[PDB]
Amino acid sequence: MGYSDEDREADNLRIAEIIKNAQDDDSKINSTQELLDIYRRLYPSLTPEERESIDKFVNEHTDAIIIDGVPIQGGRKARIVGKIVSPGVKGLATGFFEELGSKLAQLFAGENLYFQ
């Protein structure tokens with residue numbers, strides 16, 4: 001259907017590289033932030049029906065990160081530097097970090113959009 005699958009590999013390469021480049025909890029949890037960037041890349045013109053596929057692996061499949069009475073939704077790690085977070089929530093980010101890698105794998109079959 002598409003005509004640039006070769007370009008998709010570029011974004012996917014980052015997802016896999018993040019997992020392989022991570023081993024410890026602090027490294028993975030901290031690396032998870034970079035993984036989120038790859039997600040927005042596939043948010044150029046996604047539909048509700050199509051995006052539903054990914055939602056099935058985040059909405060009722062992944063967990064959220066409660067920090068400062070302001071947890072996130074949609075399986076993802078928000079930017080929280082120097083906050084009143086706990087050691088029980090910091091680790092939770094790692095649980096989704098690994099799973100996120102596999103999820104982004106399928107997302108590769110669509111498109112991307114770099115910007116910063």
# chains A, B, ... in the order shown; residues from 1 in each chain; ligands from 1
call {"tool": "residues_around", "arguments": {"residues": "segment 92-109 of chain A", "least_positions_apart": "5", "cutoff": "6 Å", "atoms": "only C-alpha atoms", "output": "tab-separated table (two decimals) with C-alpha atoms, in the first residue's frame"}}
result
chain	number	residue	atom	x	y	z
A	8	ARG	CA	9.95	3.52	8.05
A	12	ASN	CA	11.94	1.60	13.74
A	15	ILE	CA	12.97	1.76	18.75
A	28	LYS	CA	15.61	1.87	30.39
A	29	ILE	CA	13.31	4.18	32.34
A	32	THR	CA	11.84	5.37	27.53
call {"tool": "residues_around", "arguments": {"residues": "residue 71 of chain A", "least_positions_apart": "5", "cutoff": "12 Å", "atoms": "only C-alpha atoms", "output": "PyMOL selection string"}}
result
chain A and resi 63-66+76-80+85+89-90+92-93
call {"tool": "closest_residue", "arguments": {"among": "A:11, A:17, A:6, A:1", "to": "residue 40 of chain A", "atoms": "only C-alpha atoms"}}
result
A:11
call {"tool": "closest_residue", "arguments": {"among": "A:7, A:26, A:34, A:60", "to": "residue 113 of chain A", "atoms": "only C-alpha atoms"}}
result
A:7
call {"tool": "select_by_dssp", "arguments": {"residues": "chain A", "states": "helix (DSSP H, G or I)", "output": "MDAnalysis selection string"}}
result
chainID A and resid 5:20 25:41 48:55 87:90 92:107
call {"tool": "residues_around", "arguments": {"residues": "residue 112 of chain A", "least_positions_apart": "2", "cutoff": "7 Å", "atoms": "only C-alpha atoms", "output": "ChimeraX atom specification"}}
result
/A:8,41-42,114
call {"tool": "closest_residue", "arguments": {"among": "A:37, A:58, A:22, A:84", "to": "residue 70 of chain A", "atoms": "only C-alpha atoms"}}
result
A:84
call {"tool": "decode", "arguments": {"residues": "segment 42-61 of chain A", "atoms": "N, CA, C and O atoms", "output": "CSV table (one decimal), in the first residue's frame"}}
result
chain,number,residue,atom,x,y,z
A,42,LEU,N,4.5,9.2,14.3
A,42,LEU,CA,3.4,8.5,13.6
A,42,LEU,C,2.0,9.2,14.0
A,42,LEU,O,1.0,8.5,14.1
A,43,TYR,N,2.1,10.5,14.3
A,43,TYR,CA,0.9,11.2,14.7
A,43,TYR,C,0.6,12.3,13.8
A,43,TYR,O,0.0,13.3,14.1
A,44,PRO,N,1.0,12.2,12.5
A,44,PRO,CA,0.8,13.3,11.5
A,44,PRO,C,-0.6,13.4,11.0
A,44,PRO,O,-1.2,14.5,11.0
A,45,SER,N,-1.2,12.2,10.7
A,45,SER,CA,-2.6,12.2,10.3
A,45,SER,C,-3.2,10.8,10.5
A,45,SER,O,-3.8,10.2,9.6
A,46,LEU,N,-3.1,10.4,11.8
A,46,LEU,CA,-3.7,9.1,12.2
A,46,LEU,C,-5.2,9.2,12.4
A,46,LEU,O,-5.7,10.2,12.9
A,47,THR,N,-5.9,8.1,12.1
A,47,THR,CA,-7.4,8.1,12.3
A,47,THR,C,-7.7,7.4,13.6
A,47,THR,O,-6.9,6.7,14.2
A,48,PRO,N,-9.0,7.7,14.0
A,48,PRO,CA,-9.5,7.1,15.3
A,48,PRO,C,-9.7,5.6,15.2
A,48,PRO,O,-9.4,4.8,16.1
A,49,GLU,N,-10.2,5.1,14.0
A,49,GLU,CA,-10.5,3.7,13.8
A,49,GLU,C,-9.1,3.0,13.6
A,49,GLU,O,-9.0,1.9,14.2
A,50,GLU,N,-8.2,3.5,12.9
A,50,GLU,CA,-6.9,2.9,12.7
A,50,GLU,C,-6.1,2.9,13.9
A,50,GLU,O,-5.5,1.9,14.3
A,51,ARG,N,-6.0,4.1,14.6
A,51,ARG,CA,-5.3,4.2,15.8
A,51,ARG,C,-5.8,3.3,16.9
A,51,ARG,O,-5.1,3.0,17.9
A,52,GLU,N,-7.0,2.8,16.7
A,52,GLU,CA,-7.6,1.9,17.7
A,52,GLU,C,-6.7,0.7,17.9
A,52,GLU,O,-6.6,0.1,19.0
A,53,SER,N,-6.1,0.2,16.9
A,53,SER,CA,-5.2,-1.0,16.9
A,53,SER,C,-4.1,-0.8,18.0
A,53,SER,O,-4.0,-1.6,18.9
A,54,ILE,N,-3.4,0.4,18.0
A,54,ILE,CA,-2.4,0.7,19.0
A,54,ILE,C,-3.0,0.8,20.4
A,54,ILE,O,-2.4,0.4,21.3
A,55,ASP,N,-4.2,1.5,20.4
A,55,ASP,CA,-4.8,1.7,21.7
A,55,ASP,C,-5.0,0.4,22.4
A,55,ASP,O,-5.0,0.4,23.7
A,56,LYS,N,-5.3,-0.7,21.7
A,56,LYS,CA,-5.5,-2.0,22.3
A,56,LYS,C,-4.3,-2.5,23.0
A,56,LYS,O,-4.4,-3.3,23.9
A,57,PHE,N,-3.2,-1.8,22.7
A,57,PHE,CA,-1.9,-2.2,23.4
A,57,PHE,C,-1.4,-1.0,24.2
A,57,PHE,O,-0.2,-0.8,24.3
A,58,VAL,N,-2.3,-0.3,24.8
A,58,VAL,CA,-1.9,0.8,25.6
A,58,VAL,C,-3.0,1.2,26.6
A,58,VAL,O,-2.8,1.5,27.8
A,59,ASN,N,-4.2,1.4,26.0
A,59,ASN,CA,-5.4,1.8,26.8
A,59,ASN,C,-5.8,0.7,27.8
A,59,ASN,O,-5.8,1.0,29.0
A,60,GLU,N,-6.0,-0.5,27.3
A,60,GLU,CA,-6.3,-1.6,28.2
A,60,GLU,C,-5.3,-2.7,28.1
A,60,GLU,O,-5.6,-3.9,28.1
A,61,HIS,N,-4.0,-2.4,28.0
A,61,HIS,CA,-2.9,-3.3,28.0
A,61,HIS,C,-1.7,-2.8,28.7
A,61,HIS,O,-0.9,-3.6,29.3
